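The structure appears right after this line, and notes come after that.
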């Protein structure tokens, strides 16, 4: 099966190292990006499906690196149905679970936290809600977990540790040994960073992070309560861990992180999540909002903001997507400046603070959205011929 | 019925003329604020309910000036139950309907748009969801409405015109005459400002706004697509209309509006809404987020950010609330810096970009929240004795 | 637009005077039943859509004469989303509102009850949820309504009065004049019959019904509390009003009503509703269950039970549907005995107490269901070729 | 902690061996029934909570032995929120999971079905929705499960096998060995008995049941499609397994089973469930309706129908509740004839076919309902003094 997207005004690659591709044509074959170039690719198109981008912008499908899933497409935290479908219409094609703290009666012992992670991992792989690639089993560390539990979880398809600090495992002395077992058996590890619900140890320090050694510093701008700029500095300077900016966090610290990362050349490490469902709410346009806020308020190139939502995120998680390059999964968005925006194109809209209009979303090359029900309308909508 | 709130660390009034009150005790009598002062008000307490603010902050209950209600506490736009109850836990005690475009099969003729406005106006006055004061009937202007229709609507308790532009009445030549009739019969009038679903008339200009003469320029920072800075300049400089900053809008333009309003002495005109339910999502902490955003990013005193969410808004709508002053309705929040925040108090938290922890919320003096289920935890929680 | 259903094993007409049609082919043209006959009707089919009934049974689409709607497809009484599309998968193609007592903060004055009925009438005609024909505006009688109000409502498309007794109008002395105005202006009238919430007047008598003169005696078997058999006798014998058996009512009295009506030649007056959403629940297979219950427990022929759910109901309401006859609206079900049933066909299943499997549902000739998501599976499924 | 219920007009025990207790006073101590008797028990009450039954009826809290839970209080099958809370208002204080077929993306391998059962078992014991005792982890048998899997599940608190036939284990030849392992390690076993979704083997026979050896013959009257009377007779006569009559099943077969069980002395084996959520709907008054239907249509004493909903069910599952006897868990309903009913008391109402009014529900002696939101109003309401 073959699909060609033609007449592309701008291709944003999602790769921070070279964020724009000098090409106007993308060929998709058997769910993968096959070729990127010019009109020469249209000869020998055969019976391909043709999508006319009508001069608009193609980006990778967005990742939300911080979703609190609990099974299927219902969110108990805010009593919301169909929230994953809604996020897809905001461009989100892959979701990473940050753990399931809202699972009703969440099992908090070692066997229970394990069984829940296994359940959610298998269930989301069995059924992609609205076609979204949900990596749904992110184990919450609890006292009593052994190395064999991590071996068992890996056997059953679990490969993510959810926010360290959500369970009974909180201080680095207890966390580090488990994080070590996790890493030894192929897990990616997240860590809650910011204000906590405990009057004793109310915040999370750089030393905590440094000693625990997560792959991802979760909500570095707070969830929603932020760590100090002093601790931000130490995390940025003393580690190479991913620095996750979340929509449901502190915008001042988000700006600080973005600006300092630009100063220090650390933008490749910045990844976007929602941290929702949460007390804040549920925001299907959350990742686009992150991109618009960072680009429009923190003086980051909109193409680089796209990388923060896409390739930066898949780089940390080791996924074969989030980047427009041959061999990568064909998860793609066709978007434009929205009607009435001062901006001439999608990247211009992002830089101006306007959420772009999404026309088409592909997952594995298949059209799963042909007009977003959530974004404002694209000025130039893609047409599937 | 009498309630006394004692041991208050800071009183934020909601009145931009004097944002802080140098007092530590508040007396509530028969649903109204009766006295503001020192410990002398504790004399002859009697059977009064005593609330210990534990050295934290008292503000007015927040207004959301831009809610798209549709009956009760269910939002079809994002398939969300109990969203008003949720907003209450983010401090929202009064909501203004911006109209009901999501009402299923929304009647779009003159008789139908009127009937729906009357229905929702009466229904929300009959049943306050979770105790929230919802002004739920905001008529959407459609072709065929007469002055008599406005007289009838006023008789039946309707006094708000929802975002002009949501219905078939769009251009100023059609809108102006109806807004005249509305204003003649005691209505407050809202107007959609920014990008629209119309390709031909893609944006709403300042000329449109100046000609139509609404009381409120709805989502001046876009819903979510913003007008140009040049059009913002003109609305700010050529009118005295309220300028509504919404959570589901352009953050760059929100910053521009706030900073320019500060330079031009127009901060009293700025009011906060969510513009939700919408494509963006549903954000019960949305008004708090507006406050933190404007305070931490636009260099606005957090006390004045409170005014934008409270007294500025009730001033525009002529409501006897949103201000801590004798004779005003006793809608009050007790809040603090959240656990782990670098800030020492609630106002400090807001200026730092951290959502404050809400402990207690009163509506008409009655405790409707005793611990927020949505905000981070307050460092010092108020206790009802 | 033309559709032909061929290879029909049994046609059940919905007309109690002739419950079975000796034919095996139905032609639908422009949303209406055009012809019923044999294979000759297949000649020169041309571009026609062909549906192979696979030797199974065709019946009219079912009516639910007692639905408590409140706008769109959400039911606040039991916090249920998409209940109307669910009922469609139980074969329900038309719904009659019995009033909207669950509308949150339901307006209870004359002007409010009017405004709500107009709103719901218009909204449901604007948007058929899942394609279902919902007659959604059934005014609840309240003190203060005048004849001019009924004139206004009729002008705006309202033609139903909901259960008399749901509002402040309760006793026959107050009700009779209003019902008189209703009937004068072309309204159909329902009346609550059974146990009430008032300790003083705890029940409804035949005298009440005789004096009030509704078209439909709502929930004659109770909603859920039944009137006595003595009162049932008088309603059956002293009036010609429709006798509505509801799913959410008393099964002993349902049986009594069915058996006595058979004895007295009054089966044409028996009509089926759910009386849901209600305290009992929400039962999308409710009308089918009524048919199965009456056929299997009350010794009523299954074909006559079909009439009670279809033609008996549309006759009372004067709707051009519910009967398989030329010129009637092409609302049709193709159904069969369910897998594993002792019965050999759909009617046999109903008589045996087994809910039939629904394969196809047409509304105005368009396929809105091609396999029921709610019924057990049909042994022989219809196929659209 | 002590509670006394006084002024009771009738006590229905839930014990089929002695269905009525000739007493008017019940003492509850530390969550258990302490004593049953007369006025003498009111002596030296002290600080005991006193509940005045107002001359109405006390029964045990009802069981629903066939609930398809899937985590928390949301039901995906019918998109219903808060269904367990709703069932509590229908008197349901204990639920038995029949398995979780509706879990989104339900894991179907051995490891996954195990993980899911462990998760649900633990989660429902951690958090009782609305106070309801949910036995939530009922494993669905899948090919690949071993005796060791059952040892592991038992260790983690799982003790129920959900309907045999929901998963890849369908043939009695495959099921019997697994059911043996379950019984060896303390499990109670359910078995789907009725029409299936496999055309090849479309039903379940008595021989299937005899070979499999479940504890409960699930939905003996169909789910919703019934087995034949021929198979019913043999199950009744050749096994001593529990015969579950479900609300979402065939009423003719329900009547056949109840009547034949009365003739054969087998009423102690009859237990009640809903089989919901299901295609039929969600019926919070479903257990009450079961009692009303069997008492009013099948000539079963209403006190015996209560046993079928209570003590019969807890006997099968080995639970220390369902019966008013000293030492049993204090799960109790106070109920009456509903307003307007021909019946003078609660049992009379059930026999008459009228759902009784529930005033108070206790779980572990704690008042979880003080007025049912779902049943009609009790004539005489209990009052906590």
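Every chain is named by a letter (A, B, C and D) in the order it is written, and numbering of its residues begins at 1.
Just so it is clear, a contact is a pair of C-beta atoms (placed from the backbone, for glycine too) under 8 Å apart; a residue touches a chain by one contact, two chains touch by 3 or more.
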- Length of the shortest touching-chain route, chain B through to chain D: 2
- Thinking of A-B, which of A-D, C-D or B-C forms a repeat of its interface, with over half the contact pairs identical? C-D
- For chain B paired with chain C, centre-to-centre distance based on mean C-alpha positions, whole Å: 44
- Message: Based only on mean CA positions, could you tell me how far chain A sits from chain C in angstrom?
- Response: 49
- Query: How big is the gap, in whole Å, between where the Cα atoms of chain C centre and where those of chain D centre?
  - Reply: 32
- Query: Going by the touch rule set out above, which residues of chain A reach two or more other chains?
  - Reply: 79, 81
- Message: Going by the touch rule set out above, what shape does the chain contact graph take here: line, ring, star, complete or other?
- Response: ring
- Item | Full enumeration of touching chain pairs | A-B, A-D, B-C, C-D
- Taking the complex as given, what residues does chain A use to touch chain D? 70-74, 76, 79, 81, 103-109, 111-112, 114-116, 118-119, 122-127, 129, 156
- The residues of chain D that touch chain C in their complex are 78-83, 86, 89, 194-199, 202-203, 222, 224-228, 250-253, 255, 279-286, 289, 292-293, 296-297, 338-342, 352-355, 372-377, 379
